[PDB]
Protein chains: 4
Amino acid sequence: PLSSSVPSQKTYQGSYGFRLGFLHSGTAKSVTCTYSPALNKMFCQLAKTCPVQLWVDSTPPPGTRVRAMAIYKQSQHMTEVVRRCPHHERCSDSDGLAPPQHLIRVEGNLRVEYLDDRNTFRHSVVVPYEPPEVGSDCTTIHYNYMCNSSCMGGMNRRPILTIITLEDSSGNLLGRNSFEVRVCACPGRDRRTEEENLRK
Amino acid sequence: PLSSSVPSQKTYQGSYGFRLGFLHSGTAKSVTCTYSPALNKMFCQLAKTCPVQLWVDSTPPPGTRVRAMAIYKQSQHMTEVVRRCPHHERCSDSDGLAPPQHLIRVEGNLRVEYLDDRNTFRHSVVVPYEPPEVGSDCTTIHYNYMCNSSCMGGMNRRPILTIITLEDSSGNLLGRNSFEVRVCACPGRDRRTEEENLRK
Amino acid sequence: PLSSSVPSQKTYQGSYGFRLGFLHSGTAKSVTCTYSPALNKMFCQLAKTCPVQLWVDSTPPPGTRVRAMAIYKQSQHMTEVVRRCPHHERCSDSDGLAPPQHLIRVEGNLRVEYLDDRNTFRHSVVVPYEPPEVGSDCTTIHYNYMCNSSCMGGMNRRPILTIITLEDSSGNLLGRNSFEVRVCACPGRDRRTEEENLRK
Amino acid sequence: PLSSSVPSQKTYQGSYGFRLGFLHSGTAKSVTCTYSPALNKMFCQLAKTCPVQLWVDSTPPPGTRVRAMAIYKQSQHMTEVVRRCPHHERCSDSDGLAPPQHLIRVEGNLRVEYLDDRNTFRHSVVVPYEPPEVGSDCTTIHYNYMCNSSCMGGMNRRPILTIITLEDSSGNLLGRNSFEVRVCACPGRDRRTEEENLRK
DNA sequence: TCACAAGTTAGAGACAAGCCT
DNA sequence: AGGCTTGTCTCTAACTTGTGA
Ligand SMILES: [Zn+2]
Ligand SMILES: [Zn+2]
Ligand SMILES: [Zn+2]
Ligand SMILES: [Zn+2]
């Protein structure tokens with residue numbers, strides 16, 4: 001089904017200079033998660049760990065939160081809620097925390113919350129923002145994507161964006177960034193292909 | 001049956017500098033939607049996505065709406081209401097929102113409204129106007145045309161115009177633009193043919 | 001919709017030596033009705049006169065009737081009732097005698113009856129059998145076919161057979177014959193094409 | 001889930017000399033249904049017409065029925081009930097007669113019955129046996145397969161057999177035959193590949 | 001990773017079949 | 001009846017994208 005609205009995807013570094021960072025990987029055919037700076041696009045395998053770094057120029061207040069939400073990238077599909085396909089929603093691979101219909105999970109965080117928006121029908125996953133750990137310069141969140149982009153009855157080969165928002169305790173916007181995502185069996189192969197096709 | 005009047009088709013950019021834009025496609029025999037600047041004519045396949053861009057020089061007020069209506073292009077046919085043919089009206093391919101007789105649908109918009117004008121008998125489809133992200137420069141609406149121009153008992157090979165009007169909440173005119181439409185099996189082939197014939 | 005059964009099409013000359021005959025026409029591109037002995041197939045234009053000759057070796061009893069019924073030729077379509085398309089059913093071209101949904105009409109016979117079979121849902125048209133007018137060797141019935149084979153939502157390019165049955169006053173079978181029919185804009189052209197393709 | 005038993009697949013021509021026949025098709029990459037005598041295997045596209053001929057040496061009694069049932073061909077999978085995948089079960093493409101979970105449908109038969117066996121949990125589809133006329137030599141049933149062999153969460157790339165049984169009015173066995181089935185996007189390509197691999 | 005399985009898209013070309021000067 | 005309009009089919013080939021020894 002459809003949402004009545006479309007979440008904004010405009011980059012907004014905001015008062016805290018909020019930026020995203022990604023690990024440097026290359027393109028071994030079967031690498032588990034790899035980011036293309038050229039495409040601003042993450043290529044990852046289903047259910048595998050996807051590190052996303054949060055960088056700020058100055059620390060936001062205690063109670064700040066970090067939300068992730070997927071939307072379809074193509075305008076004609078933007079109003080359709082991104083969710084898991086009928087098969088994966090039924091295979092019971094929940095980690096005890098995530099509802100079965102949610103595409104994006106956060107792993108390794110007991111304070112994770114999953115939201116099914118009463119008004120927009122959009123799914124999202126939120127964790128408290130924690131400043132960087134000793135001497136590290138950034139905060140890392142580990143996401144999992146629970147369907148392939150290709151999943152019939154779900155994303156069905158349509159590209160998505162992940163929107164990461166920094167919010168205050170009330171849900172007010174503090175910052176926003178986004179990246180494209182392809183969940184696929186062969187992230188290395190597929191990243192290479194799409195990068196090659198930039199010239200075509 | 002016939003309407004008592006004919007909707008105006010005169011271009012009117014109005015106070016907000018309202019213009020239309022179209023995606024740049026070429027003419028692969030079986031492309032789904034392609035626009036000819038030379039003919040100001042959209043060539044599209046039945047039920048396929050047809051993106052139309054709304055450009056304004058300045059943002060209209062909240063509550064502004066965008067209406068689409070088809071009329072026959074030829075003067076002798078202008079008073080005839082454009083509607084779906086008897087076969088397609090009966091094939092039940094409604095998206096739950098559009099009445100079966102309406103030629104033009106909007107896809108991916110929960111706030112769509114379909115009007116069967118009590119006085120003029122004309123069909124139209126309207127959605128709220130939404131300003132672009134302050135990143136994008138225009139707003140895109142996705143239309144679907146639900147019969148071929150050739151449909152016997154419907155358009156019956158007669159060309160139509162789509163009239164796009166920008167209206168206030170009361171239905172008062174703020175701006176108007178229009179383009180010719182051919183719904184056909186082979187948009188690319190047909191666009192090429194008609195453009196070639198410009199010289200003939 | 002579908003019938004629960006399929007009418008038999010087996011030739012049965014029966015006790016009266018019942019055979020069909022057709023006029024000798026050739027293949028002028030736009031001839032109105034032409035019969036191919038090679039294909040046992042009539043090619044005719046929509047609503048035009050199609051003469052069919054009834055030949056018998058001996059005269060059946062007074063009260064004998066002649067029924068015509070169409071069925072789809074292809075096995076997968078045989079259970080589907082042959083009827084007019086949605087457009088032609090609605091165009092009101094009835095001769096005051098034929099129901100609008102019936103494909104086959106008889107012209108020039110005040111004693112024609114149209115049957116919509118309560119059990120099989122099949123349409124048919126029946127007239128009283130009349131022996132040949134003094135000196136002629138056969139009885140001619142003039143049929144009209146009220147859709148093209150190509151009509152979308154009706155025959156939809158599927159070939160049909162016309163089954164002609166000689167019946168007693170109770171509807172018991174006395175004899176049966178059949179021929180394929182194509183209703184088309186250009187019977188002469190199309191007959192020639194199908195005959196040429198016999199070698200291919 | 002699993003059945004407690006496995007339907008027999010042993011060929012049994014029985015008292016009436018029950019045999020199957022198939023149409024002669026070749027291997028155009030995108031043909032809709034093609035049978036390989038070498039593999040005794042039908043290759044067909046999802047939801048497309050699959051003609052199966054029933055041949056008998058003598059006519060079974062009125063009330064005889066013809067049942068079709070799918071089972072997995074591989075022994076380790078044989079106890080698993082063959083059914084549609086979660087996606088296709090939910091896409092609502094029912095013809096008003098078939099339950100959404102059934103893989104095999106019969107098209108064009110108003111007397112079709114769909115059985116969900118209370119004890120074995122197996123799905124099957126059955127129609128009354130109808131003799132040919134004394135013109136045709138066989139009776140044809142038109143099946144549709146409503147998932148690809150590859151469907152994730154359903155057949156999941158596992159080959160199936162279709163078992164066709166001739167039964168009396170009580171369900172007692174009169175005859176049995178079977179053939180392998182692959183439902184796939186490119187029956188011609190795939191048939192050619194598997195036939196070539198017979199030598200490998 | 002490679003080799004292969006198996007679905008989807010885009011051409012092109014050849015036709016199919018209505019229209020009307 | 002020619003010539004053209006306009007929908008449909010085959011076709012092949014490239015490509016997409018998952019699987020597994
Ligand atoms: Zn999935
Ligand atoms: Zn139509
Ligand atoms: Zn018709
Ligand atoms: Zn399926």
Side-chain angles (χ1 to χ4, degrees), chain A residues 27-31 43 45-46 147-152 155-157 182-194 196-197 200, chain B residues 26-32 43 45-46 147-152 155-159 182-191 193-194 197 200, chain C residues 27-31 43 45-46 147-152 155-157 159 182-194 196-197 200, chain D residues 25-32 43 45-46 147-152 155-159 182-194 196-197 200:
Chain A
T27 42
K29 274 230 354 192
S30 52
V31 64
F43 296 76
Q45 289 179 330
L46 196 164
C147 271
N148 287 139
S149 292
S150 65
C151 278
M152 147 180 88
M155 289 178 288
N156 200 212
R157 300 182 179 212
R182 176 186 175 89
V183 192
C184 56
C186 304
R189 176 185 69 180
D190 291 359
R191 170 175 170 200
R192 196 176 326 118
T193 301
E194 290 184 26
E196 293 171 347
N197 289 168
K200 299 159 62 200
Chain B
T27 42
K29 272 225 8 189
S30 53
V31 64
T32 60
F43 297 76
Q45 287 179 331
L46 197 163
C147 273
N148 287 136
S149 294
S150 64
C151 276
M152 146 180 87
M155 288 179 291
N156 200 213
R157 302 182 177 211
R158 301 171 290 183
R182 175 186 175 91
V183 193
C184 59
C186 306
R189 176 185 67 180
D190 292 358
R191 170 174 169 201
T193 300
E194 293 184 23
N197 290 167
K200 299 159 61 200
Chain C
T27 43
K29 271 224 8 189
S30 52
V31 63
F43 296 77
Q45 287 180 331
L46 198 163
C147 270
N148 287 137
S149 291
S150 66
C151 277
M152 142 181 92
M155 290 179 286
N156 201 213
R157 302 181 177 212
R182 173 185 177 90
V183 194
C184 57
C186 301
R189 173 186 70 181
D190 292 358
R191 170 175 169 199
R192 197 176 325 117
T193 300
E194 289 185 27
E196 292 171 346
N197 290 168
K200 298 159 62 200
Chain D
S25 303
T27 43
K29 274 230 355 193
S30 53
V31 63
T32 61
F43 294 78
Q45 287 179 331
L46 196 164
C147 271
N148 285 137
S149 293
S150 64
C151 276
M152 141 181 91
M155 289 181 286
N156 199 213
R157 302 183 177 210
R158 301 171 288 181
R182 176 187 176 89
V183 191
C184 56
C186 304
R189 175 185 69 181
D190 292 358
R191 168 175 171 202
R192 197 178 325 118
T193 299
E194 291 185 25
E196 293 170 347
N197 289 167
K200 298 159 62 200

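What's counted below: heavy atoms across the whole structure, side chains too, no hydrogens, waters or symmetry copies. Proteins get letters first, then strands, A, B, ... in listed order; numbering begins at 1 in each.
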Symbol by symbol from the 5' end, with Watson-Crick or G-U pairs under 3.5 Å, [ ] crossing and | another strand, DNA chain E is .||||||||||.||||||||.
Rounded distance (nearest 0.5 Å) linking atom [atom1] of [X] with atom [atom2] of [Y]:
| X | Y | atom1 | atom2 | answer |
| --- | --- | --- | --- | --- |
| B/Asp190 | B/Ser149 | CG | OG | 9.0 Å |
| B/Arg157 | B/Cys184 | CZ | SG | 12.0 Å |
| B/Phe43 | B/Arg189 | CZ | CZ | 11.5 Å |
| C/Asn148 | C/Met155 | CG | CE | 7.0 Å |
| D/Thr27 | D/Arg192 | OG1 | CZ | 4.5 Å |

5'-most contact on DNA chain F (nearest-nucleotide basis), B/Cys151 vs A/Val183, goes to B/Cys151
Find which nucleotide of DNA chain F each of D/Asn156 and B/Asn148 is nearest to by heavy atoms, and output the residue with the more 5' nucleotide.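 Nearer the 5' end of the strand: B/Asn148.
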Of all heavy-atom pairs linking B/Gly26 and B/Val31, the shortest is O-CG1, 4.2 Å
For the residue pair B/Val183 and B/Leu46, what are the closest heavy atoms and their distance?
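Taking B/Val183 first and B/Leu46 second, the nearest heavy atoms are CG1-N, 3.6 Å.
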Has the side chain of D/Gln45 got a donor or acceptor atom that lies under 3.5 Å from a matching backbone atom of D/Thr32?
no
Note to self: Before you tell me yes or no, could you show the steps for A/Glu194 and A/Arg182 under side-chain contact (heavy atoms from CB on, under 4.5 Å), namely the whole-Å CA-CA distance, both residues' side-chain angles and the distance that decides it to 0.1 Å?
What the structure shows: CA-CA 11 Å; A/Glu194 290 184 26; A/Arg182 176 186 175 89; 3.6 Å; yes
Give each protein N/O atom lying under 3.5 Å from an N/O atom of nucleotides 1-6 of chain E, with the pair distance.
from: E/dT1; atom 1: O5'; to: A/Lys29; atom 2: N; distance (Å): 3.3
from: E/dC2; atom 1: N4; to: A/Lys29; atom 2: NZ; distance (Å): 3.2
from: E/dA3; atom 1: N6; to: A/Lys29; atom 2: NZ; distance (Å): 3.2
from: E/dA6; atom 1: OP2; to: D/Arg182; atom 2: NH1; distance (Å): 3.0
from: E/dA6; atom 1: OP2; to: D/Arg182; atom 2: NH2; distance (Å): 2.9
from: E/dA6; atom 1: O5'; to: D/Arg182; atom 2: NH2; distance (Å): 3.2

Give the first and the last nucleotide of DNA chain F, reading 5' to 3', that has any atom under 4.0 Å from a heavy atom of chain C.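 Result: F/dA1 to F/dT8.
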With a 4.5 Å heavy-atom cut-off, do B/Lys29 and B/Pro187 have their side chains touching?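 No, every pair of side-chain atoms sits at 4.5 Å or beyond.
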